[PDB]
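Pasting upload_25.txt here (compact mmCIF, C-alpha atoms):
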```txt
# COMPACT_ATOMS: atom_id res chain seq x y z
CA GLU A 1 0.00 0.00 0.00
CA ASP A 2 3.13 2.04 -0.69
CA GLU A 3 4.38 4.06 -3.67
CA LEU A 4 7.04 1.28 -3.57
CA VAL A 5 5.59 -1.69 -5.53
CA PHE A 6 8.60 -4.02 -5.30
CA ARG A 7 12.33 -4.28 -4.80
CA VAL A 8 14.66 -6.79 -6.55
CA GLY A 9 18.37 -7.48 -5.95
CA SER A 10 21.18 -7.58 -3.35
CA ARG A 11 25.01 -7.22 -3.48
CA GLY A 12 26.99 -9.82 -5.45
CA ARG A 13 27.74 -11.40 -8.83
CA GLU A 14 25.05 -14.19 -9.00
CA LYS A 15 21.85 -13.98 -11.12
CA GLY A 16 19.49 -11.45 -9.47
CA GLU A 17 22.45 -9.75 -7.74
CA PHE A 18 24.33 -6.49 -8.60
CA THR A 19 27.67 -4.85 -8.02
CA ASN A 20 27.28 -1.52 -9.90
CA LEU A 21 23.74 -1.23 -11.29
CA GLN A 22 23.57 1.81 -13.62
CA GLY A 23 21.35 1.66 -16.69
CA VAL A 24 17.61 0.75 -16.56
CA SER A 25 15.11 0.38 -19.38
CA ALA A 26 11.73 -1.16 -20.10
CA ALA A 27 10.26 -3.07 -23.02
CA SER A 28 6.67 -2.58 -24.33
CA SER A 29 6.51 -6.45 -24.07
CA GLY A 30 6.51 -5.78 -20.25
CA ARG A 31 10.15 -6.52 -19.33
CA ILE A 32 12.64 -4.59 -17.16
CA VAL A 33 16.24 -4.57 -18.46
CA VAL A 34 19.17 -3.53 -16.19
CA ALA A 35 22.93 -3.11 -16.80
CA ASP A 36 25.70 -3.67 -14.24
CA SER A 37 28.94 -1.87 -15.19
CA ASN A 38 31.08 -3.93 -12.74
CA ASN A 39 29.49 -7.42 -13.29
CA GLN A 40 29.81 -6.56 -17.03
CA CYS A 41 26.28 -8.05 -17.63
CA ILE A 42 22.64 -7.37 -18.66
CA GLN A 43 19.74 -8.91 -16.60
CA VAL A 44 16.13 -9.19 -17.83
CA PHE A 45 13.11 -9.33 -15.42
CA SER A 46 9.27 -9.41 -15.83
CA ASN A 47 7.15 -6.28 -15.04
CA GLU A 48 6.65 -7.86 -11.56
CA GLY A 49 10.43 -8.33 -10.88
CA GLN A 50 10.74 -12.08 -11.73
CA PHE A 51 14.22 -13.07 -13.05
CA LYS A 52 14.12 -14.21 -16.71
CA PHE A 53 17.82 -14.34 -17.88
CA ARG A 54 21.32 -12.78 -17.76
CA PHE A 55 23.79 -12.25 -20.67
CA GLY A 56 27.19 -10.68 -21.21
CA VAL A 57 30.68 -11.88 -22.00
CA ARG A 58 33.34 -9.67 -20.21
CA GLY A 59 35.96 -8.16 -22.51
CA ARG A 60 37.07 -5.64 -25.12
CA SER A 61 36.16 -7.52 -28.37
CA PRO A 62 32.95 -6.89 -30.34
CA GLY A 63 30.10 -8.91 -28.82
CA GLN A 64 31.67 -8.48 -25.34
CA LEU A 65 30.89 -5.98 -22.49
CA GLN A 66 33.67 -4.09 -20.61
CA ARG A 67 31.87 -1.22 -18.78
CA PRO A 68 28.18 -1.37 -19.77
CA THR A 69 26.60 1.77 -18.30
CA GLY A 70 23.50 2.80 -20.24
CA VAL A 71 20.71 0.58 -21.65
CA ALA A 72 17.69 1.17 -23.81
CA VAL A 73 15.16 -1.15 -25.48
CA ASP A 74 14.09 -0.61 -29.09
CA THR A 75 10.43 -1.01 -30.33
CA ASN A 76 11.46 -4.54 -31.60
CA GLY A 77 12.85 -5.34 -28.06
CA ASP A 78 16.52 -5.18 -29.18
CA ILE A 79 18.73 -4.27 -26.18
CA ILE A 80 21.05 -1.25 -26.68
CA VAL A 81 24.07 -0.98 -24.36
CA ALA A 82 26.43 1.99 -24.01
CA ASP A 83 29.87 0.58 -23.25
CA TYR A 84 31.83 3.37 -21.70
CA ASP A 85 35.19 1.46 -21.86
CA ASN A 86 34.82 -0.26 -25.30
CA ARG A 87 33.79 3.29 -26.54
CA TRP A 88 30.88 1.91 -28.63
CA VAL A 89 27.20 1.02 -28.41
CA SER A 90 26.29 -2.74 -28.70
CA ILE A 91 22.91 -3.81 -30.05
CA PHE A 92 21.67 -7.26 -28.93
CA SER A 93 18.54 -9.27 -29.79
CA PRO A 94 15.82 -9.39 -27.09
CA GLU A 95 17.46 -12.78 -26.07
CA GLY A 96 20.99 -11.29 -25.70
CA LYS A 97 22.51 -12.23 -29.09
CA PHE A 98 25.14 -9.63 -30.24
CA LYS A 99 24.09 -8.05 -33.54
CA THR A 100 26.41 -5.06 -34.15
CA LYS A 101 28.15 -2.13 -32.54
CA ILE A 102 27.62 1.53 -33.59
CA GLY A 103 29.70 4.69 -33.11
CA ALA A 104 33.10 2.97 -32.93
CA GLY A 105 35.73 5.68 -33.60
CA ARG A 106 33.19 8.51 -33.11
CA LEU A 107 32.17 7.93 -29.42
CA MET A 108 34.93 8.54 -26.83
CA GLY A 109 32.89 7.81 -23.64
CA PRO A 110 29.34 6.68 -24.39
CA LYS A 111 27.51 6.69 -21.10
CA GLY A 112 23.72 6.93 -21.73
CA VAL A 113 21.34 5.83 -24.45
CA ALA A 114 17.69 6.26 -25.48
CA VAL A 115 15.49 5.33 -28.46
CA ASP A 116 13.55 8.16 -30.16
CA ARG A 117 10.09 8.08 -31.80
CA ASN A 118 11.57 7.35 -35.32
CA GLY A 119 13.72 4.46 -33.96
CA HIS A 120 16.93 6.59 -33.83
CA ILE A 121 19.44 5.67 -31.07
CA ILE A 122 20.36 8.74 -28.98
CA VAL A 123 23.75 8.45 -27.20
CA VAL A 124 25.14 10.88 -24.61
CA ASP A 125 28.94 10.87 -24.48
CA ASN A 126 30.43 11.90 -21.10
CA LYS A 127 33.93 12.40 -22.65
CA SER A 128 33.11 14.54 -25.72
CA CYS A 129 30.02 15.97 -23.83
CA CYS A 130 27.93 15.52 -26.99
CA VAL A 131 24.61 13.96 -27.93
CA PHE A 132 24.72 11.68 -31.01
CA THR A 133 21.72 10.45 -33.05
CA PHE A 134 22.25 7.19 -35.03
CA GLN A 135 20.14 4.94 -37.28
CA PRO A 136 19.98 1.32 -35.97
CA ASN A 137 22.35 0.30 -38.83
CA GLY A 138 25.02 2.59 -37.22
CA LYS A 139 24.72 5.58 -39.56
CA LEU A 140 25.30 8.95 -37.82
CA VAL A 141 22.39 11.33 -38.56
CA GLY A 142 23.04 14.10 -35.97
CA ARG A 143 25.37 15.44 -33.27
CA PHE A 144 25.19 18.42 -30.89
CA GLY A 145 26.67 19.65 -27.59
CA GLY A 146 30.30 20.05 -26.55
CA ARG A 147 32.03 20.48 -23.18
CA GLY A 148 30.92 23.63 -21.32
CA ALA A 149 28.35 25.31 -19.04
CA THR A 150 26.42 27.25 -21.78
CA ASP A 151 22.87 26.08 -22.74
CA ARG A 152 24.28 24.45 -25.95
CA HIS A 153 27.07 22.64 -23.97
CA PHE A 154 27.26 19.89 -21.25
CA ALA A 155 29.67 19.58 -18.33
CA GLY A 156 29.11 15.83 -17.75
CA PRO A 157 25.94 14.32 -19.23
CA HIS A 158 25.25 10.72 -18.16
CA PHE A 159 21.60 10.04 -19.14
CA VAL A 160 19.09 10.96 -21.84
CA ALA A 161 15.38 10.54 -22.61
CA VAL A 162 13.07 11.47 -25.53
CA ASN A 163 9.52 12.92 -25.21
CA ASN A 164 6.38 12.74 -27.38
CA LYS A 165 7.65 15.56 -29.66
CA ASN A 166 10.91 13.56 -30.23
CA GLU A 167 12.66 16.23 -28.10
CA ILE A 168 15.82 15.15 -26.26
CA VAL A 169 16.06 15.58 -22.49
CA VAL A 170 19.64 15.39 -21.09
CA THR A 171 20.68 15.32 -17.46
CA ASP A 172 23.92 17.14 -16.70
CA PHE A 173 25.46 15.38 -13.67
CA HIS A 174 28.17 18.06 -13.19
CA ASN A 175 25.95 21.18 -14.02
CA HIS A 176 23.01 20.17 -11.73
CA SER A 177 20.55 20.77 -14.59
CA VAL A 178 18.30 19.19 -17.13
CA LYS A 179 18.37 20.54 -20.67
CA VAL A 180 15.83 19.99 -23.46
CA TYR A 181 16.56 20.10 -27.21
CA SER A 182 14.64 19.58 -30.52
CA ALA A 183 15.45 16.31 -32.42
CA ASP A 184 17.82 18.47 -34.62
CA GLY A 185 19.88 19.69 -31.59
CA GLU A 186 18.23 23.08 -31.09
CA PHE A 187 18.27 24.14 -27.41
CA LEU A 188 14.71 24.70 -26.10
CA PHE A 189 15.08 25.25 -22.34
CA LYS A 190 16.87 24.25 -19.10
CA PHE A 191 15.66 23.68 -15.55
CA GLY A 192 17.16 22.66 -12.23
CA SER A 193 19.96 24.22 -10.17
CA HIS A 194 22.40 23.11 -7.47
CA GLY A 195 20.81 22.36 -4.09
CA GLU A 196 18.27 20.40 -1.97
CA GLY A 197 15.15 22.52 -2.54
CA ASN A 198 12.24 21.39 -4.73
CA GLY A 199 13.55 21.35 -8.31
CA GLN A 200 17.19 21.52 -7.24
CA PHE A 201 19.76 18.78 -7.74
CA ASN A 202 23.04 17.41 -6.37
CA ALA A 203 24.08 15.51 -9.54
CA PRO A 204 21.08 14.41 -11.66
CA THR A 205 21.21 10.89 -13.16
CA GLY A 206 18.43 8.82 -14.64
CA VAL A 207 15.69 10.46 -16.66
CA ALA A 208 12.39 9.33 -18.25
CA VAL A 209 9.45 11.16 -19.87
CA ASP A 210 5.83 9.95 -19.55
CA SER A 211 3.01 10.05 -22.20
CA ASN A 212 1.85 13.41 -20.72
CA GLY A 213 5.38 14.96 -21.14
CA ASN A 214 6.20 14.87 -17.39
CA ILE A 215 9.96 14.58 -16.88
CA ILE A 216 11.11 12.20 -14.10
CA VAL A 217 14.67 12.77 -12.81
CA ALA A 218 16.81 10.79 -10.33
CA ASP A 219 19.08 12.92 -8.06
CA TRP A 220 22.23 10.87 -7.22
CA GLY A 221 23.59 13.16 -4.50
CA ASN A 222 20.24 13.83 -2.85
CA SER A 223 19.04 10.15 -3.16
CA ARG A 224 15.60 11.14 -4.45
CA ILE A 225 13.48 11.19 -7.61
CA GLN A 226 11.63 14.32 -8.76
CA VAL A 227 8.69 14.62 -11.12
CA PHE A 228 8.34 17.77 -13.25
CA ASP A 229 5.82 19.00 -15.77
CA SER A 230 6.80 19.43 -19.41
CA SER A 231 8.00 23.04 -18.70
CA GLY A 232 10.35 21.84 -15.89
CA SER A 233 8.05 22.84 -13.01
CA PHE A 234 8.50 20.66 -9.88
CA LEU A 235 5.42 18.52 -9.15
CA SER A 236 6.47 15.93 -6.53
CA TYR A 237 9.03 13.57 -5.08
CA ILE A 238 8.51 9.85 -5.60
CA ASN A 239 7.71 8.59 -2.07
CA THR A 240 10.78 6.42 -1.27
CA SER A 241 10.24 6.60 2.53
CA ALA A 242 9.58 2.86 3.08
CA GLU A 243 12.99 1.86 1.56
CA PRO A 244 15.14 4.96 0.99
CA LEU A 245 17.39 5.29 -2.06
CA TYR A 246 21.17 5.61 -1.84
CA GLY A 247 22.81 7.08 -4.98
CA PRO A 248 20.22 6.34 -7.66
CA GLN A 249 21.35 5.96 -11.28
CA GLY A 250 19.11 4.89 -14.22
CA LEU A 251 15.31 5.51 -14.36
CA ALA A 252 12.69 4.01 -16.76
CA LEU A 253 8.89 3.99 -17.14
CA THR A 254 7.33 0.53 -17.63
CA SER A 255 4.33 -0.35 -19.88
CA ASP A 256 2.26 -0.83 -16.65
CA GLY A 257 2.92 2.82 -15.61
CA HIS A 258 5.62 2.26 -12.83
CA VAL A 259 8.89 4.19 -12.44
CA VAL A 260 11.83 1.80 -12.01
CA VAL A 261 15.06 3.09 -10.52
CA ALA A 262 18.55 1.62 -10.24
CA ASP A 263 19.12 2.15 -6.50
CA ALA A 264 22.85 1.53 -7.06
CA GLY A 265 24.02 2.26 -3.47
CA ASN A 266 21.56 -0.44 -2.17
CA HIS A 267 22.48 -2.96 -4.96
CA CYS A 268 18.84 -3.30 -6.18
CA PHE A 269 16.15 -1.88 -8.46
CA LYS A 270 12.83 -0.56 -7.14
CA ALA A 271 9.52 -0.02 -8.90
CA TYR A 272 7.18 2.83 -7.86
CA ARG A 273 3.67 3.98 -8.54
CA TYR A 274 3.62 7.80 -9.14
CA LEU A 275 0.37 9.70 -9.35
CA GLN A 276 0.75 11.58 -12.72
```
Just give me the structure of the file as structure tokens.
Amino acid sequence: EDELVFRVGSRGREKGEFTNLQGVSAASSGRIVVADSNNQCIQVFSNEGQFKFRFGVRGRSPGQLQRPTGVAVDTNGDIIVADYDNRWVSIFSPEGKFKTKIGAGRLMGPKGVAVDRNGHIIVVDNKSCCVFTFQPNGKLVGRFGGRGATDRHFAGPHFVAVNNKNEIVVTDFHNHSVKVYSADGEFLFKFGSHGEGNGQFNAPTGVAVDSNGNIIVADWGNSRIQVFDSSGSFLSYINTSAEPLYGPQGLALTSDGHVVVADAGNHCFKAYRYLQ
């Protein structure tokens, strides 16, 4: 009878355990997909938290995972992994079969990924501080950003989401802000500032956008999740009181309308109801 619906995971390297849980995504087929950067693996669960399967071969060769940070699920259920250390994005089948890698030689530190409304793969690079837009096949179609603190630049972007207008929503871990851009890279607006007040951050991480354009943002340093309207107005905190967060990372919205968070500091993921 809590905003918390369920919790899955504990510390370790076995199936249903985590060392460094970072990326979170959801499939329309009603699955939850999580990446562990330190166990170098992807784990797939039902919408109720039941373990389905784990995949990932450790290493630096194509097909293999070295530091998988960011994950996204395509409309066909393909699993898209940002590998920060291999410096590419791996696309797998919904069953964990390597298909191809995109952005090799262009991405220097791919951290976060999303899928847009035309099936483009959106990658945020924490080393070049840029946002890349690819076709599934690997073809680059767009790039914007650059290191800095101006509205068109990023200081250290780790996560990305796309809204109903195909607009790109980037969290800036080091700037304490969220910035929103057109599909073409045009800056639209920013919100958030450094602090603990409503609509302030101490290092934003995961981000998701709902069907109503509400933007949901995890706050790593403040161990909390904020919900905003489409203009970046604070609406609420997710009520985490029953089982507090500790350093949350990825965020995703499921097909059954729950917010799932990588509660990395507690070695688990948690699913929430939220009222919008």
(request) Quote the spacing between CA of residue 138 in chain A and CA of residue 262 in chain A in Å to one decimal place. (result)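 So the two atoms, CA of residue 138 in chain A and CA of residue 262 in chain A, lie 27.8 Å apart.
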(message) Between A:96, A:7, A:178, A:31, which residue has the minimum interatomic distance to residue 155 in chain A, considering all atoms listed in the file?
(response)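 Looking at the shortest contact to residue 155 in chain A, the residue is A:178.
CA of residue 27 in chain A sits 12.9 Å away from CA of residue 48 in chain A.
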(message) Show me, as a ChimeraX atom specification, the residues that have an atom within 9 Å of residue 276 in chain A when counting all atoms listed in the file, minus same-chain residues fewer than 6 positions from it.
(response) /A:210,212,214,227
(request) For residue 88 in chain A, please output as number ranges by chain all residues within 9 Å (counting all atoms listed in the file; exclusion window: fewer than 2 positions along the same chain). (result) A: 81-86, 90, 101-110
(request) May I have the residues within 8 Å of residue 4 in chain A as a PyMOL selection string, using all atoms listed in the file and disregarding those fewer than 6 positions away in the same chain? (result) chain A and resi 239-240+242-243+270-273
(request) Could you tell me which of A:201, A:181, A:269, A:274 comes closest to residue 47 in chain A if we count only C-alpha atoms? (result) A:269
(request) Return the single residue from A:261, A:275, A:57, A:131 that is closest to residue 158 in chain A, with distances computed using all atoms listed in the file. (result) A:131
(message) Is it possible to get the residues within 12 Å of (26.3, -13.5, -11.9) (coordinates as in the file, counting all atoms listed in the file) written as a ChimeraX atom specification?
(response) /A:9-19,35-36,38-43,53-58
Compile a residue-level contact table for range 60-124 of chain A against range 183-189 of chain A at a cut-off of 12 Å, reporting for every qualifying residue the shortest atom pair and its distance in Å to one decimal, with only C-alpha atoms counted, rows ordered by chain and ascending number, as a Markdown table.
```
| residue | atom | partner | partner_atom | distance |
| --- | --- | --- | --- | --- |
| A:115 | CA | A:183 | CA | 11.7 |
| A:116 | CA | A:183 | CA | 8.7 |
| A:117 | CA | A:183 | CA | 9.8 |
| A:118 | CA | A:183 | CA | 10.2 |
| A:120 | CA | A:183 | CA | 9.9 |
| A:121 | CA | A:183 | CA | 11.4 |
| A:122 | CA | A:183 | CA | 9.7 |
```
Store the residues picked out above, limited to C-alpha atoms, as a tab-separated table (two decimals), keeping the file's coordinate frame.
```tsv
chain	number	residue	atom	x	y	z
A	115	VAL	CA	15.49	5.33	-28.46
A	116	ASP	CA	13.55	8.16	-30.16
A	117	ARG	CA	10.09	8.08	-31.80
A	118	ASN	CA	11.57	7.35	-35.32
A	120	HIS	CA	16.93	6.59	-33.83
A	121	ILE	CA	19.44	5.67	-31.07
A	122	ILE	CA	20.36	8.74	-28.98
```
(request) Could you check how far CA of residue 6 in chain A sits from CA of residue 34 in chain A, in Å to one decimal? (result)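 If I compute the distance from CA of residue 6 in chain A to CA of residue 34 in chain A, I get 15.2 Å.
Nearest to residue 69 in chain A of all the residues A:224, A:165, A:153, A:87 is A:87, counting only C-alpha atoms.
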(message) Under the rule that only C-alpha atoms are counted, which of A:129, A:5, A:65, A:162 is the nearest residue to residue 113 in chain A?
(response)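 Among A:129, A:5, A:65, A:162, it is A:162 that comes nearest to residue 113 in chain A.
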(message) I need the residue nearest residue 142 in chain A from this list: A:245, A:182, A:154, A:170. Use all atoms listed in the file for the distance.
(response) A:182
